[PDB]
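Here we start with a single chain on its own, the form deposited without the ligand, put down as structure tokens.
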């Protein structure tokens, strides 16, 4: 792909984080802690899942960023509306304001309703995410496989400002402790 010149510097918003997440000083990495991280509760925090938002809000233009997923067993990545539900149980779908892909149990899937099987021959260590606000497009790229396309959501109805979206996943297995990292430009 040729989207690299739309690169944006994403940072994580501590206030939106599930209370078990540990965000690095530079706000560029996040991992699951083994306990509550001693923060107060607030209406922005995702309560049920290990999720956090980027601080940046997008309402126009073309944006690109990259995320490192090395050695993780489970994660979700993409964008979401600023006004997505934070509390309780919900599914990741465009109807609920999410445009995402994930890894779960050795398979990759796009967060459509119902979910769509992805076809990835080279398991990615870094994911590229491209948003074209005006066109209504969110695309995902396999940086480990020379930028090959993973999935395109088209005809997106964003219906609000967008934020970068992250889920580090649970670590019930002891094999999913590794962080998500925002990769340098």
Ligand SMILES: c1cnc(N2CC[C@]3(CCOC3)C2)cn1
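Numbering follows the first chain given and starts at 1.
Note that the form solved in complex with the ligand isn't included here; everything after this is about it.
K.L.:
Are all three residues 54, 63 and 182 in contact with the ligand in the bound PDB entry, where contact means a non-hydrogen atom within 4.5 Å?
P.N.:
The answer is no: none of the three residues contacts the partner (heavy atom, 4.5 Å cut-off).
K.L.:
Give a yes/no on whether residue 74 approaches the ligand to within 4.5 Å in the bound PDB entry, heavy atoms considered.
P.N.:
Because a heavy atom of residue 74 falls inside 4.5 Å of the ligand in the bound PDB entry, the answer is yes.
K.L.:
Give a yes or no for residue 164: in the bound PDB entry, does one of its heavy atoms lie within 4.5 Å of a heavy atom belonging to the ligand?
P.N.:
No, residue 164 stays farther than 4.5 Å from the ligand in the bound PDB entry.
K.L.:
Applying a 4.5 Å heavy atom distance criterion, does residue 103 contact the ligand in the bound PDB entry?
P.N.:
Yes, residue 103 sits close enough to the ligand in the bound PDB entry that at least one of its heavy atoms falls within 4.5 Å.
K.L.:
State yes or no: in the bound PDB entry, is some non-hydrogen atom of residue 80 no more than 4.5 angstroms from a non-hydrogen atom of the ligand?
P.N.:
No, residue 80 stays farther than 4.5 Å from the ligand in the bound PDB entry.
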